[PDB]
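**Q**
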Amino acid sequence: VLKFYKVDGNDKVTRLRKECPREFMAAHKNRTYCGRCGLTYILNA
RNA sequence: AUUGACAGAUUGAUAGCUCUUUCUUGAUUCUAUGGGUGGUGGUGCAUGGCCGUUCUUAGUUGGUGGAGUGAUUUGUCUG
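According to the deposited numbering, the first sequence holds residues 102 to 124, 131 to 152 in order.
#1: With distance defined between alpha-carbon atoms, name the residue in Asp109, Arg116 and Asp112 nearest to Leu103.
#2: Quick check on this structure: which residue in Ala133, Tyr148 and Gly145 has the alpha carbon closest to the alpha carbon of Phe105?
#3: In whole angstroms, what is the alpha-carbon distance linking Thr147 and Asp112?
#4: Considering only residues of the same chain and omitting the five flanking positions on each side of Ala152, which have a CB-CB separation below 8 Å?
#5: On a CA-only basis, which of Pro122, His135, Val114 and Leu150 is nearest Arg143? Give me that one, please.
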């Protein structure tokens with residue numbers, strides 16, 4: 102269910118959706140938003 | 001398996017209720033069958049408890065004996 106990256110062989114596995122963690132992001136448009144973070148987080152781009 | 005939710009959608013609603021979408025939750029719960037659970041739902045003509053009223057008045061029982069075949073009476077009475 103965390104299979105959706107750009108997977109690679111020998112031996113690196115590169116990731117997608119770059120996190121900005123409070124003390131992986133949803134992506135529809137502009138904003139990045141973190142699921143687990145209890146206070147909800149917004150940064151447009 | 002179920003949960004928390006941004007900005008729009010939708011809504012009185014800064015209830016993510018349900019969503020167009022996509023991040024998360026980590027076995028608490030969901031799915032159905034049986035069965036519980038709860039109610040200022042019905043019944044005071046199924047009841048308890050409490051209160052009012054009959055009744056602010058003076059009244060009410062049984063023990064032994066007497067009367068009567070008996071229900072009952074006498075005691076509880078003329079003054």
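Note that beta-carbon positions come from the ideal geometry of N, C-alpha and C, so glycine has one too.
**A** Working from what's here:
#1: Counting from 1 along the first sequence, the entry for residue 103 is found at position 2. Checking every option, the nearest Cα to that of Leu103 belongs to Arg116.
#2: Residue numbering aside, residue 105 sits at position 4 when the first sequence is read from its first letter. The shortest Cα separation from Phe105 among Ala133, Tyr148 and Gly145 belongs to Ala133.
#3: Against the first sequence, residue 147 aligns to sequence position 40. Against the first sequence, residue 112 aligns to sequence position 11. So the two alpha carbons sit approximately 35 Å from each other.
#4: Indexing the first sequence from 1 puts residue 152 at position 45. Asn137, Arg138 and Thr139, listed in sequence order.
#5: Numbered from its first residue, the first sequence carries residue 143 at position 36. Among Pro122, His135, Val114 and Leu150, the Cα nearest to that of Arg143 belongs to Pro122.
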